[PDB]
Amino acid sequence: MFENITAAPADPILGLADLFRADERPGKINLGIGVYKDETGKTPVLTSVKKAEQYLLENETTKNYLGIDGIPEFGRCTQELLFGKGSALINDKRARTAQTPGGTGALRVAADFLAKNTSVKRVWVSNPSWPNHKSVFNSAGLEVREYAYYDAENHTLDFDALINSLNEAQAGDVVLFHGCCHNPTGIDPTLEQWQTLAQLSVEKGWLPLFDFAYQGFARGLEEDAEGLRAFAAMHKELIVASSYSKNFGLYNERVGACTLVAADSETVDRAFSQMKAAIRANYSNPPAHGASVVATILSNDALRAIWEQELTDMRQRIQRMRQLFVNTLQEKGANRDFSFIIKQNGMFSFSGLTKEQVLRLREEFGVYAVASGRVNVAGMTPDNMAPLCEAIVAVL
């Protein structure tokens, strides 16, 4: 049965990491990383998370299964983060949340739910996006179409091209939006652009699917949800796939949520029953440890305060590296405009370098970016910035 199976395409993540490990040069620098790193080049466990884990160790008395949709407090805290305390969506009980194994698990649960219970056949994804978006939706039997997004000339949002692209989307298609910190570009709509998109989505009959993996990494928790909330104010229906991997540094514990919104409580409860069926037939019920940490933190004034400051620390270090990168490139004689790096939000940006320049950076200088261009600015430090920028100037 297995003798003729075609191998999957080589894992480019595995992968780039393997090449970097094998590189016997210093100072080699890895900007192809997929997680936050601090100024020491580590991805520590957050202190708020360690404190929560100690509390769980002391107080847990069973590992009995969670419900299919997970910890109720986790759901409530998630909806407040998404929509705001006192939101009409919450007051009117229009939203149901399932705790999922990561943001990815939430995307797949959303996809399976839509494929099996609606007429949805197609999901529109930005060009570019996280490569796993297409894999997730295709796995559920859904077609993926791309819409224009990145202006490679100006390093900005090509808003006219975006709108023109999405004119080809039919009523009943899904359109995927990154809530904040677009991956890989770091280019987000302005609030007014979000409002324009919200109105257009209503007029054209799109179902919005928000991927919200970086709440708190652009400007702040509430500000980063402005776009989502502009959509929520305008739509009867939407889905949010959110992740706590990055903003709690809980990557490997698989902590995310799929939030379903419908016109009223009866409708969302009925629809959610089928979302729970899609979960049951996948991984049955979700992993408790990571989500319990998140619920424990978000529902406690003291732990939440520590966590919010740790997240602010990450956000600020990322912005400091963006600024230091631009300043240092100028000082090392790049002699061209990289100011777009300061405007972009989150860990990831396109550098504006070509695929051949990226290859040259790897081969000749031991500087590693994702082949297709994504650089993680959290791989930058004050200590490695000068050689990093000297290498970049050398391939310009």
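We call the rigid core whatever largest set of C-alpha positions still superposes within 1.5 Å between the two forms. All residue numbers refer to positions in the sequence shown, first residue = 1.
Annotation: of the segments 255-263 and 321-329, 321-329 departs further from this form in 4 other deposited structures of this protein (C-alpha atoms, root mean square over structures and residues, core superposition).
With each structure aligned by its rigid core, the stretch whose Cα atoms sit farther from this model in 4 other deposited structures of this protein, between 65-73 and 339-347, is 339-347. The PDB entry reports B-factors from which the mean C-alpha value can be compared for 191-199 and 212-220; the larger average falls on 191-199. Comparing the deposited coordinates for 12-20 and 376-384, the stretch with the larger average C-alpha B-factor is 12-20.
Ranking 175, 295, 88, 277 by Cα temperature factor from the entry places 88 first. Residue set 60, 69, 53, 364: peak C-alpha B-factor at 364 (per PDB entry). Sort the chain's modelled residues by C-alpha temperature factor and residue 269 lands in the middle third, per the entry. For residue 338, the recorded CA temperature factor ranks within the highest third of the chain's modelled residues. Looking at the C-alpha B-factors along this chain, the one for residue 243 belongs to the lowest third.
In the deposited entry, the Cα temperature factor of residue 155 places it in the highest third of its chain's modelled residues. Among the modelled residues of its chain, residue 164 has a C-alpha B-factor that falls in the highest third according to the deposited record.
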